[PDB]
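> Here you go, this is model.txt (compact mmCIF, C-alpha atoms and all ligand atoms).
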# COMPACT_ATOMS: atom_id res chain seq x y z
CA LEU H 1 0.00 0.00 0.00
CA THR H 2 2.66 2.50 1.08
CA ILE H 3 6.44 2.70 0.72
CA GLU H 4 9.25 4.90 2.03
CA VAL H 5 12.20 6.10 -0.04
CA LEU H 6 15.38 8.06 0.61
CA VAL H 7 15.57 11.29 -1.40
CA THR H 8 18.83 13.09 -2.14
CA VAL H 9 20.38 15.68 -4.45
CA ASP H 10 24.02 15.13 -3.49
CA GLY H 11 24.31 11.50 -2.40
CA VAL H 12 25.32 12.56 1.11
CA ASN H 13 22.16 14.08 2.61
CA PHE H 14 19.04 11.89 2.59
CA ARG H 15 15.44 12.39 3.74
CA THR H 16 12.62 9.87 4.10
CA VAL H 17 9.55 10.36 1.92
CA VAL H 18 6.25 8.50 2.37
CA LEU H 19 4.51 7.38 -0.83
CA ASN H 20 1.42 5.38 -1.78
CA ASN H 21 0.69 3.31 -4.88
CA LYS H 22 -2.21 5.55 -5.90
CA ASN H 23 -0.48 8.23 -7.96
CA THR H 24 2.78 8.63 -9.87
CA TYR H 25 6.14 9.63 -8.41
CA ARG H 26 5.84 12.99 -10.17
CA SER H 27 2.37 13.50 -8.70
CA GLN H 28 3.45 12.74 -5.13
CA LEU H 29 7.05 13.96 -5.07
CA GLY H 30 8.43 15.19 -8.38
CA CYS H 31 10.94 14.25 -11.07
CA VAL H 32 12.97 11.37 -9.64
CA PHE H 33 15.78 9.15 -10.90
CA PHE H 34 16.35 5.60 -9.69
CA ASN H 35 19.75 4.09 -10.50
CA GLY H 36 20.10 6.53 -13.38
CA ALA H 37 16.62 5.92 -14.79
CA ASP H 38 13.81 8.50 -14.74
CA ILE H 39 10.82 6.78 -13.10
CA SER H 40 8.79 9.94 -12.45
CA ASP H 41 5.82 8.79 -14.53
CA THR H 42 5.54 5.39 -12.84
CA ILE H 43 3.62 4.15 -9.81
CA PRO H 44 5.67 3.45 -6.64
CA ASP H 45 6.05 -0.27 -5.90
CA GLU H 46 7.24 -2.39 -2.97
CA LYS H 47 10.35 -3.25 -5.00
CA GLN H 48 11.58 0.33 -4.55
CA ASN H 49 10.80 0.51 -0.84
CA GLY H 50 13.78 1.76 1.16
CA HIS H 51 15.72 2.56 -2.01
CA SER H 52 17.44 5.86 -2.75
CA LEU H 53 16.10 8.38 -5.26
CA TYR H 54 17.69 11.41 -6.87
CA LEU H 55 15.22 14.30 -6.93
CA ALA H 56 15.46 16.86 -9.74
CA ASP H 57 12.73 19.40 -8.87
CA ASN H 58 10.43 20.53 -6.04
CA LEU H 59 13.49 20.77 -3.80
CA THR H 60 13.40 21.64 -0.10
CA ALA H 61 15.23 24.71 1.22
CA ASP H 62 18.13 22.56 2.42
CA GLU H 63 18.34 20.65 -0.86
CA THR H 64 18.33 23.90 -2.85
CA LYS H 65 21.16 25.31 -0.74
CA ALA H 66 23.26 22.16 -1.13
CA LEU H 67 22.49 22.24 -4.85
CA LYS H 68 23.92 25.74 -5.21
CA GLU H 69 27.08 24.74 -3.33
CA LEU H 70 27.50 21.55 -5.35
CA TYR H 71 26.77 22.85 -8.86
CA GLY H 72 26.95 26.63 -8.48
CA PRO H 73 24.07 28.97 -9.40
CA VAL H 74 22.03 26.97 -11.93
CA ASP H 75 18.56 27.22 -13.47
CA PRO H 76 15.63 25.12 -12.12
CA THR H 77 15.84 22.72 -15.08
CA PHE H 78 19.59 22.06 -14.78
CA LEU H 79 19.46 19.03 -12.49
CA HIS H 80 16.90 17.25 -14.66
CA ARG H 81 18.87 18.01 -17.82
CA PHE H 82 22.10 16.77 -16.24
CA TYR H 83 20.50 13.55 -14.98
CA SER H 84 18.80 13.02 -18.35
CA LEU H 85 22.00 13.64 -20.33
CA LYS H 86 23.88 11.20 -18.10
CA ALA H 87 21.40 8.46 -18.97
CA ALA H 88 21.49 9.38 -22.66
CA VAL H 89 25.28 9.35 -23.07
CA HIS H 90 25.90 6.18 -21.04
CA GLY H 91 26.42 4.18 -24.24
CA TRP H 92 29.12 6.49 -25.60
CA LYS H 93 32.64 5.06 -25.83
CA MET H 94 36.23 6.30 -25.80
CA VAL H 95 38.71 5.07 -28.39
CA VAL H 96 42.27 4.71 -27.09
CA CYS H 97 45.05 5.06 -29.67
CA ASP H 98 48.53 4.89 -28.11
CA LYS H 99 47.14 5.87 -24.67
CA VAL H 100 45.35 8.88 -26.20
CA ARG H 101 41.62 8.88 -25.42
CA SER H 102 39.17 10.13 -28.06
CA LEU H 103 35.36 10.19 -28.00
CA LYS H 104 33.86 7.81 -30.57
CA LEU H 105 31.41 9.36 -33.05
CA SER H 106 27.79 8.97 -31.93
CA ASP H 107 24.67 11.15 -31.93
CA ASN H 108 26.44 14.21 -33.37
CA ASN H 109 28.98 14.36 -30.52
CA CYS H 110 32.00 15.29 -32.66
CA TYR H 111 32.00 18.83 -31.24
CA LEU H 112 32.34 17.23 -27.80
CA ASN H 113 35.33 15.18 -28.94
CA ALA H 114 37.11 18.38 -29.99
CA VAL H 115 36.27 20.13 -26.71
CA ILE H 116 37.37 17.24 -24.50
CA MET H 117 40.55 16.39 -26.41
CA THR H 118 41.59 20.05 -26.23
CA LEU H 119 40.86 20.20 -22.49
CA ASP H 120 43.01 17.10 -21.99
CA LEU H 121 46.05 19.07 -23.19
CA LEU H 122 45.56 22.03 -20.85
CA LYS H 123 47.91 21.64 -17.89
CA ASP H 124 47.36 23.09 -14.41
CA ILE H 125 43.62 23.67 -14.77
CA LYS H 126 40.89 22.97 -12.23
CA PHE H 127 37.26 23.89 -11.61
CA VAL H 128 35.91 25.84 -8.63
CA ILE H 129 32.50 24.17 -8.71
CA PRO H 130 32.89 20.94 -6.65
CA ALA H 131 30.73 18.72 -8.87
CA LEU H 132 32.50 19.89 -12.02
CA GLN H 133 35.96 19.34 -10.54
CA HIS H 134 34.89 15.95 -9.19
CA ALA H 135 33.59 14.92 -12.61
CA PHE H 136 36.78 16.32 -14.13
CA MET H 137 39.01 14.16 -11.93
CA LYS H 138 36.88 11.13 -12.79
CA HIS H 139 37.30 11.95 -16.48
CA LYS H 140 41.09 11.95 -16.15
CA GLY H 141 40.76 8.61 -14.36
CA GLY H 142 38.99 6.88 -17.22
CA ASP H 143 35.30 7.46 -16.47
CA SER H 144 34.04 10.45 -18.43
CA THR H 145 30.24 10.08 -18.24
CA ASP H 146 29.72 12.64 -15.46
CA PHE H 147 32.04 15.21 -17.05
CA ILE H 148 30.55 14.89 -20.54
CA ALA H 149 26.99 15.18 -19.24
CA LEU H 150 27.89 18.09 -16.95
CA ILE H 151 29.49 20.30 -19.59
CA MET H 152 26.59 19.49 -21.92
CA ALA H 153 24.25 20.65 -19.16
CA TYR H 154 26.25 23.81 -18.39
CA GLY H 155 26.55 24.49 -22.11
CA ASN H 156 22.82 23.93 -22.64
CA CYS H 157 23.51 21.22 -25.22
CA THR H 158 20.88 18.75 -26.38
CA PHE H 159 21.55 15.03 -26.86
CA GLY H 160 21.72 14.10 -30.54
CA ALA H 161 21.96 17.72 -31.68
CA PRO H 162 24.95 19.26 -33.49
CA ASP H 163 26.68 22.13 -31.69
CA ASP H 164 29.61 24.56 -31.47
CA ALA H 165 32.94 23.32 -30.09
CA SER H 166 34.57 26.73 -29.52
CA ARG H 167 31.45 28.05 -27.80
CA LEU H 168 31.35 25.11 -25.39
CA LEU H 169 35.12 25.11 -24.85
CA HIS H 170 35.23 28.73 -23.71
CA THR H 171 32.06 28.27 -21.67
CA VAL H 172 33.74 25.41 -19.80
CA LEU H 173 37.02 27.30 -19.45
CA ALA H 174 35.14 30.27 -17.99
CA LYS H 175 34.36 28.01 -15.02
CA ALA H 176 37.97 26.95 -14.52
CA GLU H 177 41.13 28.33 -12.90
CA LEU H 178 44.89 27.91 -13.28
CA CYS H 179 46.96 26.12 -10.65
CA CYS H 180 49.91 28.33 -11.59
CA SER H 181 50.77 31.91 -12.55
CA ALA H 182 49.88 33.63 -15.81
CA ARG H 183 49.88 37.25 -16.98
CA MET H 184 48.78 39.26 -20.01
CA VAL H 185 49.25 43.03 -20.30
CA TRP H 186 47.84 45.20 -23.08
CA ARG H 187 49.21 48.72 -23.45
CA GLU H 188 46.96 51.39 -24.91
CA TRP H 189 48.18 54.92 -25.52
CA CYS H 190 46.91 58.24 -26.86
CA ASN H 191 48.74 61.57 -26.98
CA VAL H 192 45.89 63.42 -25.26
CA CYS H 193 44.37 60.85 -22.90
CA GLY H 194 47.63 59.14 -21.94
CA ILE H 195 48.94 55.61 -21.44
CA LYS H 196 46.65 52.88 -20.10
CA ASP H 197 47.55 49.29 -19.24
CA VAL H 198 44.98 46.49 -19.25
CA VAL H 199 46.03 43.54 -17.10
CA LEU H 200 44.68 39.99 -17.22
CA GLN H 201 45.80 37.23 -14.86
CA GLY H 202 45.34 33.48 -14.50
CA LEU H 203 43.31 31.49 -17.01
CA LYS H 204 41.95 34.67 -18.61
CA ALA H 205 45.50 35.43 -19.75
CA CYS H 206 45.72 32.12 -21.61
CA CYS H 207 42.69 32.47 -23.88
CA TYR H 208 41.68 34.89 -26.62
CA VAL H 209 38.79 34.83 -29.10
CA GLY H 210 39.38 36.71 -32.36
CA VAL H 211 42.92 35.77 -33.37
CA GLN H 212 44.48 32.44 -34.39
CA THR H 213 48.22 33.21 -34.59
CA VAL H 214 50.77 34.47 -32.06
CA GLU H 215 51.97 37.01 -34.63
CA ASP H 216 48.52 38.57 -35.00
CA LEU H 217 48.07 38.64 -31.23
CA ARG H 218 51.34 40.54 -30.77
CA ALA H 219 50.61 42.92 -33.66
CA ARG H 220 50.03 46.63 -32.99
CA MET H 221 46.46 47.89 -33.44
CA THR H 222 45.50 51.40 -34.52
CA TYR H 223 42.05 52.94 -34.06
CA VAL H 224 40.17 56.02 -32.87
CA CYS H 225 40.15 57.11 -29.21
CA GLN H 226 37.08 58.23 -27.28
CA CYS H 227 38.40 61.80 -27.56
CA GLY H 228 38.43 61.36 -31.34
CA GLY H 229 42.20 61.16 -31.74
CA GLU H 230 44.56 58.41 -32.86
CA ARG H 231 44.73 55.56 -30.34
CA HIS H 232 47.00 52.51 -30.37
CA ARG H 233 47.08 49.12 -28.62
CA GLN H 234 49.76 46.42 -28.36
CA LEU H 235 50.52 43.36 -26.24
CA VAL H 236 53.60 44.17 -24.16
CA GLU H 237 53.67 41.24 -21.71
CA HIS H 238 52.58 37.60 -21.92
CA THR H 239 53.64 34.81 -19.55
CA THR H 240 51.60 31.60 -19.72
CA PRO H 241 51.96 27.80 -19.34
CA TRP H 242 50.01 27.52 -22.61
CA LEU H 243 48.04 29.68 -25.05
CA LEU H 244 44.65 28.97 -26.63
CA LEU H 245 43.71 31.15 -29.59
CA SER H 246 40.25 30.78 -31.12
CA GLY H 247 38.50 32.31 -34.12
CA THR H 248 36.20 31.70 -37.08
CA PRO H 249 37.01 28.73 -39.36
CA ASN H 250 39.64 30.01 -41.80
CA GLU H 251 41.09 27.85 -44.56
CA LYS H 252 44.83 27.20 -44.69
CA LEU H 253 47.50 24.57 -45.36
CA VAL H 254 49.09 23.10 -42.24
CA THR H 255 52.44 21.40 -42.83
CA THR H 256 55.09 19.81 -40.60
CA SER H 257 57.86 20.43 -43.15
CA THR H 258 57.83 23.96 -41.74
CA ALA H 259 58.04 23.02 -38.04
CA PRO H 260 55.06 24.92 -36.56
CA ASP H 261 54.99 26.19 -32.98
CA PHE H 262 51.48 25.09 -32.01
CA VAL H 263 50.78 21.75 -30.33
CA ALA H 264 47.20 21.16 -31.44
CA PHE H 265 44.17 22.60 -33.23
CA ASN H 266 40.52 21.94 -34.07
CA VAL H 267 38.98 21.93 -37.54
CA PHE H 268 35.46 22.56 -38.85
CA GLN H 269 34.59 20.60 -42.00
CA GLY H 270 31.69 21.62 -44.23
CA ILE H 271 29.89 24.91 -44.82
CA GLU H 272 29.37 27.14 -41.79
CA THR H 273 25.67 27.80 -42.43
CA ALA H 274 24.77 24.11 -42.30
CA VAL H 275 25.59 21.03 -40.22
CA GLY H 276 29.30 20.27 -40.38
CA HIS H 277 31.86 18.09 -38.64
CA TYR H 278 34.62 18.74 -36.09
CA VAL H 279 38.03 17.04 -36.06
CA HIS H 280 40.74 17.33 -33.40
CA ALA H 281 44.41 17.34 -34.44
CA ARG H 282 47.79 17.29 -32.69
CA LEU H 283 51.40 17.56 -33.86
CA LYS H 284 53.84 14.95 -32.55
CA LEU H 285 53.43 14.68 -38.51
CA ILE H 286 49.81 15.75 -38.03
CA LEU H 287 47.93 13.32 -35.79
CA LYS H 288 44.26 13.56 -36.77
CA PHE H 289 41.58 12.39 -34.33
CA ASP H 290 38.30 12.10 -36.24
CA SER H 291 36.02 10.90 -33.43
CA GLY H 292 37.84 7.61 -32.87
CA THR H 293 39.33 7.49 -36.35
CA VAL H 294 43.05 8.25 -36.15
CA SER H 295 45.33 9.02 -39.11
CA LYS H 296 48.54 10.88 -40.00
CA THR H 297 49.35 13.33 -42.80
CA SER H 298 52.31 15.53 -43.72
CA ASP H 299 50.06 18.41 -44.78
CA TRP H 300 46.34 19.15 -44.51
CA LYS H 301 43.93 21.51 -46.26
CA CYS H 302 41.52 22.46 -43.48
CA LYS H 303 39.53 25.21 -41.78
CA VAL H 304 41.23 25.76 -38.42
CA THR H 305 39.17 27.03 -35.48
CA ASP H 306 40.87 26.70 -32.09
CA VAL H 307 44.68 26.61 -31.95
CA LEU H 308 46.80 25.55 -28.97
CA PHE H 309 50.28 27.02 -28.47
CA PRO H 310 52.94 26.12 -25.88
CA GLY H 311 53.97 28.30 -22.93
CA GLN H 312 54.47 32.00 -23.61
CA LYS H 313 57.40 34.08 -22.37
CA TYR H 314 57.12 37.40 -24.16
CA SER H 315 57.80 41.07 -23.47
CA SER H 316 57.89 44.06 -25.82
CA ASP H 317 59.48 47.47 -25.28
CA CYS H 318 56.63 48.90 -27.37
CA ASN H 319 58.24 51.42 -29.74
CA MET W 1 24.12 54.30 -22.89
CA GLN W 2 24.77 53.18 -26.46
CA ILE W 3 26.96 50.27 -27.56
CA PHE W 4 28.03 48.78 -30.90
CA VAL W 5 27.71 45.24 -32.26
CA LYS W 6 29.54 44.26 -35.45
CA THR W 7 28.51 41.29 -37.59
CA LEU W 8 30.39 39.17 -40.13
CA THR W 9 28.67 40.75 -43.14
CA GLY W 10 29.66 44.27 -42.15
CA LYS W 11 26.55 46.07 -40.91
CA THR W 12 27.00 47.56 -37.45
CA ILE W 13 23.97 48.01 -35.19
CA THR W 14 23.61 50.29 -32.18
CA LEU W 15 21.94 49.18 -28.95
CA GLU W 16 20.72 51.39 -26.10
CA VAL W 17 21.21 49.47 -22.86
CA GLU W 18 22.43 49.90 -19.28
CA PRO W 19 25.28 48.46 -17.15
CA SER W 20 22.65 46.51 -15.20
CA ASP W 21 21.55 44.55 -18.27
CA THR W 22 22.87 40.99 -18.49
CA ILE W 23 24.09 39.26 -21.65
CA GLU W 24 20.81 37.34 -21.76
CA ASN W 25 18.94 40.64 -22.09
CA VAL W 26 21.43 42.08 -24.57
CA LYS W 27 20.80 39.07 -26.81
CA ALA W 28 17.10 39.95 -26.57
CA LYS W 29 17.86 43.40 -27.98
CA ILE W 30 19.66 41.81 -30.93
CA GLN W 31 16.63 39.55 -31.37
CA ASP W 32 14.45 42.61 -31.98
CA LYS W 33 16.98 44.21 -34.34
CA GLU W 34 18.18 41.31 -36.50
CA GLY W 35 15.78 38.48 -35.71
CA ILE W 36 18.63 36.18 -34.70
CA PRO W 37 17.61 33.83 -31.84
CA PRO W 38 19.56 34.36 -28.57
CA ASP W 39 20.29 30.62 -28.58
CA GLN W 40 22.44 31.09 -31.69
CA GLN W 41 24.40 34.21 -30.68
CA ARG W 42 28.02 34.50 -29.56
CA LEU W 43 29.15 37.90 -28.30
CA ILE W 44 32.90 38.52 -28.16
CA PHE W 45 34.41 41.47 -26.30
CA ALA W 46 38.10 42.13 -25.65
CA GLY W 47 38.90 38.60 -26.79
CA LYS W 48 36.44 37.03 -24.36
CA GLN W 49 33.22 35.10 -24.93
CA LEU W 50 30.35 36.63 -22.96
CA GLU W 51 28.41 34.19 -20.78
CA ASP W 52 24.70 34.54 -20.00
CA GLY W 53 25.30 34.28 -16.26
CA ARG W 54 26.95 37.69 -15.97
CA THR W 55 26.13 41.31 -16.82
CA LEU W 56 27.89 44.01 -18.85
CA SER W 57 29.56 45.46 -15.75
CA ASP W 58 31.28 42.14 -15.07
CA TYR W 59 33.17 42.55 -18.34
CA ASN W 60 33.82 46.27 -17.75
CA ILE W 61 31.71 47.09 -20.81
CA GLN W 62 30.39 50.65 -21.00
CA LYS W 63 30.01 53.59 -23.41
CA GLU W 64 31.12 53.35 -27.05
CA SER W 65 32.09 49.69 -26.61
CA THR W 66 32.25 47.49 -29.71
CA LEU W 67 30.96 43.91 -29.50
CA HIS W 68 31.45 41.11 -32.03
CA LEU W 69 28.55 38.86 -33.01
CA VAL W 70 29.41 35.39 -34.27
CA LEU W 71 26.83 32.72 -35.12
CA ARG W 72 26.68 29.44 -33.20
CA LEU W 73 28.08 26.70 -35.45
CA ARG W 74 26.44 23.29 -35.76
CA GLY W 75 29.03 20.52 -35.79
ZN ZN Z 401 42.43 60.08 -26.47
Translate this file's structure into structure tokens.
Ligand SMILES: [Zn+2]

Amino acid sequence: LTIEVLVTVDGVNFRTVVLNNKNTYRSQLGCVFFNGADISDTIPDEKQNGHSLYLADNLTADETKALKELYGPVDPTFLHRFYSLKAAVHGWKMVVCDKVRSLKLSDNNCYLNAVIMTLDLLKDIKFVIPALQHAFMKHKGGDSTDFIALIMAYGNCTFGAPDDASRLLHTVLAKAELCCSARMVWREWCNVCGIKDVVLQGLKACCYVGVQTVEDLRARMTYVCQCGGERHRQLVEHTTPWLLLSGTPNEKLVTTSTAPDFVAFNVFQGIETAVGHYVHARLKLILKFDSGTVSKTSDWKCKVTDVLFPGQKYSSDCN
Amino acid sequence: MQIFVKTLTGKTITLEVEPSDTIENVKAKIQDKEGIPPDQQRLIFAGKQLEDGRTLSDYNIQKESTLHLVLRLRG
């Protein structure tokens, strides 16, 4: 007739909930997951008596508070989406080629392969949000389900749907921090207004959207000041463990008979106004990681998006 | 306060907002000026992608600031 279940949102704090077999779980309690499966629209049975359930909505005050500490400030639909994505992507697999892990193509997840494989190369990074860092450590251990589902949830991605790698990558990196020092200083100057330095530190100093080469990043810009006069800007200091430059897909020929400086890059195949395909690549020859498919080429005609450079140690006298 | 948003084609629109407005609301202003859904908009300022969880003040964006609008790719 009646059962009792343990309800949690963190797997550490549990509360007893009394239920009958008259109405559905959703009707009596809310959206609930049982061993990963959403059973909200089912009738409670004796087989689930005493078992633990993960609640996704209609949270108590205590559960809501613990939720915010565990996942950060998230929308009311986040928990459900995360739990749902976790169930959806359980069947996804990693391909391991010479110890290198790459997400196998499935349900339009190639953009995720590019994001994850790029993240795997970024040293000294960590996440402030406990659940994200926990899932991150699990990912580096060989179990990536939590991490994949989490970043999909934070990135508002939908299972099966195509998406943007760069967008997700920078969204994820915006939630991370560096375990070491990094510094980026822009110098702006104008004859009337004066000299102004713009300082960035930590992870923020290791990422830039709008440029894809070190040369273009260090180039001097010239524009109009607020006062209406000639204003300039130039990078005068850059000290990082690594450098991630991201921009629109631009076509070029990448060759190793030139000895490039960058370590890795992502590529968008197809036209930009339709559904395309992402491929991750590293230089060790160009090692191409096409969602589990690995190959090597000397050169490659491709549309590069994100580019990963080694540690920066740069200063300019600016003159 | 007026700001500037540049596209890939070339046309540059002007938006009248406030420091209190978040990126989620700024995308709503672009929605009523270009018709582009907020779900498919990427705003880039000072080399940084703008996240919906923060406002304009968090990125030190103010008067005569130029934003870059890039469409959300589908890979
Ligand atoms: Zn000036």
> Around ligand ZN 401 (chain Z), out to 8 Å and counting all atoms listed in the file, which residues are there? I want them as a PyMOL selection string.
chain H and resi 189-194+224-231
> List as a tab-separated table every residue of chain H that is in contact with chain W, defined as an atom at most 9 Å from one of its atoms (using all atoms listed in the file), together with the nearest atom pair and the distance in Å rounded to one decimal, sorted by chain and then rising number.

residue	atom	partner	partner_atom	distance
H:73	CA	W:53	CA	8.8
H:108	CA	W:75	CA	7.2
H:109	CA	W:75	CA	8.1
H:110	CA	W:75	CA	6.8
H:111	CA	W:75	CA	5.7
H:161	CA	W:74	CA	8.2
H:162	CA	W:75	CA	4.9
H:163	CA	W:74	CA	4.2
H:164	CA	W:73	CA	4.8
H:165	CA	W:75	CA	7.5
H:166	CA	W:73	CA	8.8
H:167	CA	W:72	CA	7.3
H:170	CA	W:49	CA	6.8
H:171	CA	W:51	CA	7.0
H:174	CA	W:51	CA	8.3
H:204	CA	W:48	CA	8.3
H:207	CA	W:48	CA	7.8
H:208	CA	W:47	CA	4.6
H:209	CA	W:47	CA	4.4
H:210	CA	W:47	CA	5.9
H:211	CA	W:47	CA	8.2
H:226	CA	W:64	CA	7.7
H:248	CA	W:70	CA	8.2
H:268	CA	W:75	CA	7.4
H:269	CA	W:75	CA	8.3
H:270	CA	W:75	CA	8.9
H:272	CA	W:73	CA	6.5
H:273	CA	W:73	CA	7.5
H:274	CA	W:74	CA	6.8
H:275	CA	W:74	CA	5.1
H:276	CA	W:75	CA	4.6
H:277	CA	W:75	CA	4.7
H:278	CA	W:75	CA	5.9
> Enter the distance from atom CA of residue H:44 to atom CA of residue H:23, in Å, rounded to one decimal.
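These atoms are spaced 7.9 Å apart.
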> What is the atom CA of residue H:175 to atom CA of residue H:114 distance in Å?
18.0 Å
> Suppose you want the space between atom CA of residue W:25 and atom CA of residue H:80; what is it in Å?
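The value is 24.6 Å.
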> Using all atoms listed in the file, I'd like a table of the residues in stretch 217-296 of chain H that come within 7 Å of stretch 302-315 of chain H; for each, show the closest atom pair and its distance in Å rounded to one decimal, ordered by chain and ascending number, as CSV.

residue,atom,partner,partner_atom,distance
H:236,CA,H:315,CA,5.3
H:237,CA,H:315,CA,4.5
H:238,CA,H:314,CA,5.1
H:239,CA,H:313,CA,4.8
H:240,CA,H:312,CA,4.9
H:241,CA,H:311,CA,4.1
H:242,CA,H:311,CA,4.0
H:243,CA,H:309,CA,4.9
H:244,CA,H:308,CA,4.7
H:245,CA,H:307,CA,5.2
H:246,CA,H:306,CA,4.2
H:247,CA,H:305,CA,5.5
H:248,CA,H:305,CA,5.8
H:249,CA,H:305,CA,4.8
H:250,CA,H:303,CA,4.8
H:251,CA,H:303,CA,4.1
H:252,CA,H:302,CA,5.9
H:253,CA,H:302,CA,6.6
H:261,CA,H:309,CA,6.6
H:262,CA,H:309,CA,4.2
H:263,CA,H:309,CA,5.6
H:264,CA,H:308,CA,5.1
H:265,CA,H:307,CA,4.2
H:266,CA,H:306,CA,5.2
H:267,CA,H:304,CA,4.5
H:268,CA,H:303,CA,5.7
H:269,CA,H:303,CA,6.8
